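Here are the chains, one letter per residue:
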Amino acid sequence: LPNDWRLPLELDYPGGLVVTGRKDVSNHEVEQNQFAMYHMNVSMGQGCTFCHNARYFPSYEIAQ
Amino acid sequence: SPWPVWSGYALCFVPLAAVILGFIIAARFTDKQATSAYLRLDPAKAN
Amino acid sequence: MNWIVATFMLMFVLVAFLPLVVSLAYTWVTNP
Amino acid sequence: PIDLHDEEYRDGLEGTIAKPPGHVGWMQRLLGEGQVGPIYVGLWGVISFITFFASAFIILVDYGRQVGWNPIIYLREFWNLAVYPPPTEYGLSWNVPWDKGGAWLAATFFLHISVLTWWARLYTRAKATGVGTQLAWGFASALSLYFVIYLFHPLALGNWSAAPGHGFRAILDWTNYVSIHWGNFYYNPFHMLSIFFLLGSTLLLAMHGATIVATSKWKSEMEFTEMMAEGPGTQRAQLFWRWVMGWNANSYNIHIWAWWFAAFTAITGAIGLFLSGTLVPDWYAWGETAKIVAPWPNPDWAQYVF
Amino acid sequence: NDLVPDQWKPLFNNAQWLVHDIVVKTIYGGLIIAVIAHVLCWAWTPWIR
Amino acid sequence: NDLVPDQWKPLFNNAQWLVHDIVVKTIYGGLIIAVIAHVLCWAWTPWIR
Amino acid sequence: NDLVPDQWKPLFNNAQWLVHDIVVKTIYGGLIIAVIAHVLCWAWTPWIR
Amino acid sequence: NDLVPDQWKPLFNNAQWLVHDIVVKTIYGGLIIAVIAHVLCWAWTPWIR
Amino acid sequence: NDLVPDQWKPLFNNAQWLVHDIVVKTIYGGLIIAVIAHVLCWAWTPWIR
Amino acid sequence: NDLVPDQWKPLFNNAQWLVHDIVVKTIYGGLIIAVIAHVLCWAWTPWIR
Amino acid sequence: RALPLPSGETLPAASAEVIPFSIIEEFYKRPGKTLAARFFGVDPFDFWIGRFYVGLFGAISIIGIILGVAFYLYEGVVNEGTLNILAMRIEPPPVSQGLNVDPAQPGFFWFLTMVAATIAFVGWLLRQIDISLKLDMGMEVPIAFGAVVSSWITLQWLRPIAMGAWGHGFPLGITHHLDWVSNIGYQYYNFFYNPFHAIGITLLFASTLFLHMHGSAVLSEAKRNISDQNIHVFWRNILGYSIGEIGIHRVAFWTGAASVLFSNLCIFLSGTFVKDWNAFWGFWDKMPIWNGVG
Amino acid sequence: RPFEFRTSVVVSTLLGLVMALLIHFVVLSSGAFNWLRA
Amino acid sequence: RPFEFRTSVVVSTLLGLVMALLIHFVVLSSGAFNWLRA
Amino acid sequence: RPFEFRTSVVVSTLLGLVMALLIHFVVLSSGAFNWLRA
Amino acid sequence: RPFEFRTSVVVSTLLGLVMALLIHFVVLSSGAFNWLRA
Amino acid sequence: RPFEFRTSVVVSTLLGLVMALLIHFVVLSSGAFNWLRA
Amino acid sequence: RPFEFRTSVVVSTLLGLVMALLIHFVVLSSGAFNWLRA
Amino acid sequence: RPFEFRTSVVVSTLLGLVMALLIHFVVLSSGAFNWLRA
Amino acid sequence: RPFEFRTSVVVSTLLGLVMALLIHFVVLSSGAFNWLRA
Amino acid sequence: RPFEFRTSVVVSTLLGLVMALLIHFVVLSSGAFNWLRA
Ligand code: BCL
Ligand code: BCL
Ligand code: BCL
Ligand code: BCL
Ligand code: BCL
Ligand code: BCL
Ligand code: BCL
Ligand code: BCL
Ligand SMILES: [Fe+3]
């Protein structure tokens, strides 16, 4: 990650970070999203399939 | 409800039918022209 | 246990790599 | 009718620059022929060169500004430096600050010009020597996908930010981001056709090369001479495949197969990428309406977590 | 190769001339229709505004 | 081979001359139309301001 | 092929001379227009300040 | 190739000698200027300190 | 092909000998300067400490 | 040829022999210097302890 | 009269003559040079049924083929009941079951399908060795096929056995092995950053490029009267190098073979030794040359 | 012939077309003219 | 006649065009002239 | 014959142009001259 | 004959230019000289 | 005869240059000498 | 004969069959006719 | 002969066997007959 | 012989078989007939 | 020649250089010698 980057906490976060199929966001928003997701990955010991079910990212089946 | 929507056909069964048909026709024609009769060198001499 | 078998399987992967090298060296030798 | 000598040495603009040929030696012992020889420069040749040198210069200087003109740091972080297109604000506007996204536009323009001039060079040099012009049309087929990526897809979305960013690791990031944005990019059916054609292309290449090398002993490598009269090598090569898989092709058909597989790869790829942002916003949600998603009601997730 | 006038004799063959005539006629007709169509979409809603 | 004037004889063939005439005429017409169109988009909204 | 003066005879062919003339004339005209345009965008807003 | 002295006769052609003279002269001049420039930046602010 | 001594005759050509001489002289000079520079870098601040 | 002794005649050419000699001399010198440097690095601070 | 040619052209009137195809099959039969008959003294079948040559290796292969197809159809059609090939998924036994396999537990038929498929593939490879041995050509095609066979072995035997779960083999079934690939790719972050992975895709794209260029080169000189040095001159005019006729086929064979080898290495390694790929590149920043200049 | 006339006309018509297209695109995307809903 | 005249004019008209285009781009993107809504 | 003159002039003008361009880029991006809104 | 003079001058003028450029960039980026607003 | 002399001098001058550059970089980046504002 | 007749009949039958099949599948999947439990 | 007889018998016995197997699978997996614990 | 009879019978029996199979599958999967526990 | 002499000297000097470099780097990075501010 870039050293200037910090976790963006000025958002509603019930689903404010969603990006899939939105059609009003470009690759810049997706890049910020992936930054935050990799941070959550390093924080948690486990990997990226800990809570996502990478076939569909907007799915909530893992319950983590 | 039981049926695949429109564009399921157009997007997925144009490939699945067209590619299989194309392979089975192109193979027939290539093998025909290859196993046909034309100029070759004799096996008893060249080899 | 885990690591002995892991090293032994990596051996097999490198053995799969092996034949291509023999092909290359045969071509180098037999083509002076 | 056609003098090859006057087409190998002819001064400049109409001739080659590197007049003396050279030998590589180690290439000779392993690759067959091993002479470097002269390279022809024409009118179309100089244009692509200078435009490519302009785009590369623009990009390389802009790397230095990011590191503060420090050559130690410049050499350390060279592989993750990049220049990015404008952000979503002023999506298609051409008036952007140089450092934010302005440098990308000029570079991509000069790159386009260089590519098109190289195509023209291919076509003209093919006609000059008396051979056919199939290579130029194949290059056009690949240019179709190239132009959809950089020009046609950002346009018709409103954002210049959809294009990649002229970096070594920037292109991997672009691939990942697009696939994530559309959602389950694996489900795109033209992507499936493209993968089919790509793996078929590698299959055909390996097979043709391997069989021709195996039957080389009987001088089957000279595919041009064999086209007029099939010798013992080509006769053996046909029999091997006839018994294995039940059918075979002579030396003329197999190259048609090669050409068409390689071209269908890029054509289906371009058609499939163009449709992602416009017609079908979500690919996985489309697949479940087409009844081709595995039900997977309760998977065993113990494998994926460590 | 002698139906074309003298001034254009070195350029045009005999057969290439009649085609050229067809092309010119088609282009003129197309231009007339294009002008009419643009006057109409104008009268509908102008686009410069 | 001899329709072009002497000053330009080494350069231009005979056929290459008439095409050069067409090109010059087209370029002049295009320049006139371009100048008119430019005058019109300033009478609309100036760009330099 | 003797239209070029003797001082420049080894270098220039006959045909290569007239084009050189065209190039020089075009370059002079372009330089005059460039100077005028630069005086105008300085009167507008100076760039060095 | 007989302008070069005997001890360097095999190594240098006769054209290769004059260019080598130019190279030596340029290198000497460059070294003098480099020494002057280094004395100046040091008088300004020393680097080793 | 006969300026080099007999002991080294099979190895060195004639031209290859003078370059060897230049290389040896340059290496000796470089080593002397390197030794001086390390003695100086040591007197300044020792590295091993 | 024929400069190498009989026992090593099938292996070494003539030219290959002198290079060898150089290699052996260099290796001996390097080993002596390595031993001295090791004794010094030990007297400074031992590494096994 | 008119001379039919291999490229389809019919010429307007050389030791070459028009020979019908059958002649050249009878001359090149030579029965008895089978690799197997070398070891046993004899081959059981070698009777060329139809156009297909049969050998000892062919029979074990066909056994594997029939049994594998039958088990694949039994899974997903029975015990799933989906009756749609795209919807059905054939899944390996769970990771809790471990390395041991049990008929009562689920996944027993996936294991049978996998074993039958492996037998069929290896038998096919040996059959290719055999048929090439009769013709006395050479052993290049068996090597090129053995590369992809080894990839299959790495994916379904070596990597599952090293971890030991048996659940790691990719589930069979159209449009469900893709879900496995997608969940494995993201399990270790940035599979793109993996070095052995990136060499495989480099070689794949380079192979497609070489194929297009060779095909266009041979098609361009197909039907025309030329010296045969015209193509070499064209290649020297564009990029200033001509590989030769024997050179391009060697390169095709080699690149094709190398791609899959690097790929199977990358996957086997990811499973066993590396948890994520971003942590792998953490060492580069701290290289002494530039560790403090920032 | 030192200069082929047709090369000149080819490069001229290509450069002119590209230049017209580029200027048209830049002017449209600048959004300063109120043309096609702006 | 070692130096071909046409090579000189080709490289001259390419370099001049590229240079005009680059300067025009830089000046437009600097945003210091109030030209096309700036 | 030992040194073609045209190679010298080609490399000279290329190096000079690249060097002028690089120095102007560096000076512009340093932001120490108040040139074009700085 | 064995050692071409022009190869020597080419490699010399390339190495010298690269070395001058590298030293100039390191000294500028070190920020220890108060040169161009430092 | 067993070795070309010029190969030796080429590899020698490449290895020496690379080695000088690497040592110079390491010593500068170690930050233990107070050289160029350290 | 500018064309082979059999090529025409082959392409005609193929296009007609594909078109009938596509229309029959679109109409069935639209669900607007109450045909086979709809 | 216009048709080889053995091709007919081969394709006949393959199609018949495949068809019997497919019907037997479908009927078993439908679970509507109480056959082998159903 | 412009058209081979056996090609016609081959394509006819293939198309007919595929069509019967497809219709049978569609009718079974529609679930509108109460056939085999429906 | 059962072994070309030059292959031996090439591999010898490469292995020796790599080994010296590796040992040096390990000893420096171990931090047990108080060398260059340690
Ligand atoms: C922004 C405000 C105005 C605007 C302001 C202007 C202004 C101001 C001008 C134009 C000009 C033009 N505009 Mg505009 N324009 C606007 C919106 C539009 C719209 C539309 C979508 O709304 C369209 C269609 C156009 C289209 C055009 C053309 C009529 C014309 C450009 C000619 C040119 O570039 O081609 C030139 C192409 C080439 C040089 C090559 C032509 C090819 C030849 C003719 C084909 C034969 C080739 C021959 C066979 C040889 C073959 C060789 C091949 C090249 C190899 N404008 C907006 C509304 N537009 C320019 C024009 O009219 O000047 C004439 C003009 O000055
Ligand atoms: C998020 C997911 C990750 C991803 C995760 C993986 C994973 C996981 C893997 C790959 C692997 C591959 N990926 Mg990846 N990959 C991704 C992105 C990409 C991209 C891209 C442009 O972005 C590309 C080009 C690739 C390319 C590739 C190659 C590196 C490799 C191809 C497999 C192969 O060659 O061997 C496959 C070889 C075989 C299995 C074929 C065996 C076939 C047998 C012999 C034939 C059976 C006969 C059969 C029944 C047919 C019978 C014929 C009758 C007609 C019926 N990946 C994304 C980033 N990739 C695979 C690899 O490494 O290979 C080991 C793999 O493990
Ligand atoms: C509204 C004002 C906008 C602007 C919008 C445009 C647009 C938009 C265009 C130009 C174009 C031009 N502009 Mg302007 N331009 C502006 C400000 C400027 C300024 C400035 C103040 O400094 C300058 C110097 C220019 C200068 C120019 C020239 C570089 C160029 C056309 C010159 C010429 O006549 O064409 C050279 C000669 C011709 C083009 C020959 C034409 C050939 C024939 C007539 C083409 C016919 C095409 C026909 C339709 C095809 C079908 C024909 C078949 C026979 C049927 N513009 C402002 C920002 N400008 C035009 C351009 O170059 O594209 C060509 C362009 O389209
Ligand atoms: C407003 C002031 C802006 C600026 C904006 C620009 C822009 C924008 C441009 C220049 C260009 C130039 N600038 Mg300025 N420039 C600025 C400050 C400077 C400073 C400085 C203070 O130090 C300097 C030294 C310069 C110097 C220069 C020259 C390097 C260059 C043109 C010189 C010449 O006459 O052209 C050399 C000779 C010619 C160009 C010959 C022209 C050939 C013919 C006449 C072209 C006709 C084209 C025609 C339209 C095509 C159709 C014709 C058909 C027949 C129909 N600028 C400030 C920042 N400057 C111009 C450039 O170089 O582009 C070439 C450019 O476009
Ligand atoms: C304002 C002061 C800035 C600075 C900004 C620049 C910029 C900006 C430039 C230089 C350039 C140079 N600087 Mg300074 N420079 C500074 C400090 C220094 C210092 C220092 C204190 O140590 C030094 C030693 C230098 C030294 C130099 C030389 C290396 C170089 C030009 C020398 C020469 O005459 O050109 C060698 C000879 C020539 C260039 C021949 C010119 C050839 C012909 C005349 C070119 C005509 C072009 C024409 C427009 C094209 C159209 C013509 C057609 C016929 C129409 N600068 C400070 C930081 N310096 C210039 C550079 O090198 O670019 C070349 C450059 O542009
Ligand atoms: C201010 C002090 C800075 C520093 C800043 C620089 C900078 C900046 C430079 C050097 C350069 C050099 N430095 Mg210092 N240098 C420093 C400390 C040191 C120390 C140290 C204490 O240990 C050493 C040993 C050196 C040693 C050196 C040499 C390696 C090198 C030039 C030697 C020589 O004469 O050039 C060898 C001979 C020549 C260069 C021949 C020159 C050829 C001709 C004269 C070039 C003319 C160019 C002309 C403008 C082009 C147009 C001409 C046309 C005819 C018109 N520096 C400190 C950190 N140093 C210079 C370098 O190498 O670049 C080459 C460089 O630019
Ligand atoms: C219920 C109304 C539905 C609809 C449902 C369908 C369906 C479903 C079909 C059509 C088909 C057609 N429709 Mg409709 N169609 C609708 C609205 C329209 C509208 C409109 C209002 O604009 C139009 C213009 C049409 C027009 C058409 C024609 C394009 C086409 C058949 C024309 C023709 O006779 O066949 C051309 C001539 C023939 C087909 C020759 C037939 C050849 C022989 C007789 C075939 C025999 C087959 C035999 C069974 C095989 C075994 C024989 C062996 C000897 C044993 N439909 C609405 C939406 N329409 C049919 C189609 O084209 O399929 C081809 C199709 O199946
Ligand atoms: C219980 C009722 C189930 C059902 C279950 C099955 C099953 C299960 C089967 C059939 C099969 C058939 N069914 Mg039923 N079938 C049902 C409803 C129907 C309906 C309907 C109501 O519409 C129809 C039309 C049919 C029609 C048919 C025929 C298509 C087919 C066999 C016809 C024939 O005689 O064989 C054609 C002629 C023969 C098969 C020749 C046999 C050749 C020799 C005798 C084979 C000997 C094999 C021997 C054991 C091998 C060893 C011999 C060595 C010498 C030792 N079924 C319902 C759903 N049906 C059978 C099928 O087709 O398999 C082929 C099949 O197995
Ligand atoms: Fe080939």
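Residues numbered from 1 in each chain as written, not as in the entry; some residues may be left out. Chains lettered and ligands numbered in written order. Part of a larger assembly, values for the part shown. Heavy atoms only, no water.

As summarised from the PDB record, the model derives from cryo-EM at a stated resolution of 3.10 Å.

**Describing the site of ligand 6**
All residues adjacent to ligand 6 are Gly30(H), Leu31(H), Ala34(H), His38(H), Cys41(H), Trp47(H), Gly16(O), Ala20(O), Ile23(O), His24(O), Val27(O) and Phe33(O). The residues that come close to ligand 6 belong to more than one chain, namely chains H and O. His24(O) is positioned such that a nitrogen or oxygen atom in its side chain is 3.1 Å from an oxygen atom of ligand 6. Partitioned by chemical class, the residues of the shell around ligand 6 number eight nonpolar, four polar and no charged. (Near = heavy atom within 4 Å. Polar contact = N/O pair within 3.5 Å; in protein donor to acceptor, adjacent residues only side chain to side chain. Nonpolar A, V, L, I, M, F, W, Y, C, P; charged D, E, K, R; others polar.)

**Some points on the coordination of the magnesium atom of ligand 3**
No protein donor other than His38(F) (NE2) coordinates the magnesium atom of ligand 3, and that contact is at 2.2 Å. Position of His38(F) among the secondary structure elements: in helix α1 (residues 15-44). (Donors = N, O, S within 2.8 Å, 3.2 Å for Na, K, Ca; no water. Helix = DSSP H or I, 4+ residues; strand = E, 2+ residues; numbered from the N terminus.)

**Quick notes on the state of the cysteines**
Across all of its chains, the model carries zero disulfides over all chains by this definition. A disulfide-free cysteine, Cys41(I) has its sulfur positioned 20 Å from the sulfur of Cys41(J), the nearest such atom. Looking at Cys41(I), the relative accessible area reads 34%, which means it is partly exposed. (Disulfide = S-S within 2.5 Å. Buried < 20%, exposed > 50% of the residue type's maximum accessible area, 1.4 Å probe, protein only.)

**So, the interface of chain O and chain H**
With six residues of chain O in contact, the opposing surface of chain H contributes 10 residues. Here chain O packs against chain H, burying approximately 620 Å² in sum over the two surfaces, 72% of which is carbon and sulfur. For chain O, the biggest contributors to the area lost against chain H are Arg1(O), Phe5(O) and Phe33(O); these three give 77% of the whole. The interface formed by chain O and chain H holds zero salt bridges in total. When grouped by side-chain class, the residues that make up the side of chain O that touches chain H number four nonpolar, one polar and one charged. (Contact = heavy atoms within 4.5 Å. Buried area = accessible area lost by both parts, 1.4 Å probe. Salt bridge = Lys/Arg side-chain N within 4 Å of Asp/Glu carboxyl O.)

**Section: the interface of chain K and chain D**
Taken residue by residue, the interface counts 99 residues in chain K and 103 residues in chain D. Put simply, chain K and chain D have two salt bridges between them. One salt bridge in this structure joins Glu25(K) and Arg242(D), with 2.9 Å as the shortest N-O distance. At the junction of chain K and chain D, the tally comes to 28 residue pairs in polar contact. Among the secondary structure elements, those contributing two or more residues to the side of chain K that touches chain D are α1 (21-27), α4 (108-135), α5 (140-163), α6 (177-187), α7 (195-220), α8 (230-237), α9 (245-272) and α10 (282-285) of chain K. Sorting elements by how many residues they give to the side of chain K that touches chain D places α7(K) first, with 14 residues. Here the side of chain K that touches chain D is built from residues that sort into 53 nonpolar, 29 polar and 17 charged.

**Some details on the site of ligand 2**
Around ligand 2, the structure places 16 residues, and the nearest of them are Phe121(K), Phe192(K), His197(K), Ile201(K) and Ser263(K). Around ligand 2, the neighbouring residues derive from chains D and K rather than from a single chain. With respect to ligand 2, the side chain of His197(K) contributes an N or O atom lying 3.5 Å from a nitrogen atom. For ligand 2, an oxygen atom lies 3.3 Å from a polar atom in the backbone of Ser263(K).

**Remarks on the coordination of the magnesium atom of ligand 1**
Tetrahedral metal sites with four donors have an ideal angle of 109.5 degrees; octahedral sites with six donors have ideal angles of 90 or 180 degrees. From the protein, the magnesium atom of ligand 1 takes a single donor atom, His24(L) (NE2), 1.9 Å away. With respect to the element layout, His24(L) can be found in helix α1 (residues 5-30).

**Some points on the nonpolar core**
Core analysis: the largest hydrophobic core is formed by 45 residues, its most contacted members being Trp104(D), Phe110(D) and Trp283(D). Residue assignment for this core shows that the elements contributing at least two residues are α2 (43-67), α4 (98-129), α5 (134-152), α6 (170-182), α7 (189-214), α10 (253-274) and α11 (283-289) of chain D together with α1 (5-30) of chain M. Element by element, the count of residues in this core is highest for α4(D), at seven residues. Not counting residues up to four positions away in its chain, the partners in contact with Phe110(D) are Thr51(D), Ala54(D), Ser55(D), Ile58(D), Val18(M), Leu21(M) and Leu22(M). Judged by nonpolar contacts, the second largest core, of 28 residues, contains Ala210(D), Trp243(D), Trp48(K) and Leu135(K). (Core = buried A, V, L, I, M, F, W, Y, C linked by side-chain atoms within 4.5 Å.)

**Concerning the packing of aromatic side chains**
To describe a pair of aromatic rings, you give the distance between the ring centres and the angle between the ring planes. Scanning the entire structure with this criterion turns up 83 aromatic pairs over all chains. Aromatic pair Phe23(B) and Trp257(D): ring centres 5.5 Å apart, planes at 70°, arrangement edge-to-face. Within this pair, whereas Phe23(B) is found in helix α1 (residues 8-35), its partner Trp257(D) is found in helix α10, the two belonging to separate chains. A relative accessible area of 37% means that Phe23(B) is categorised as partly exposed. Note on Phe12(G) and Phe5(M): the rings are 5.5 Å apart at their centroids and 75° apart in plane angle, and the pair reads as edge-to-face. Pair noted here: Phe12(G) is in the segment before α1 (15-44) and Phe5(M) is in helix α1, and the two residues belong to different chains. Looking at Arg127(K), its charged tip hangs above the ring of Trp124(K), at a distance of 5.0 Å from the centre. (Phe/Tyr/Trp six-rings, centres within 6.5 Å; stacked < 30°, edge-to-face > 60°. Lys NZ or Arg CZ within 6 Å of the ring centre and 35° of its normal.)

**With respect to the arrangement of the chains**
Where 42 pairs of chains are in contact, the pair with the most contacts is made of chains D and K. Considering only C-alpha positions, the minimal separation of the non-contacting chain A and chain B is 19 Å. With no contact between them, chain B and chain I keep their nearest C-alpha atoms 51 Å apart.

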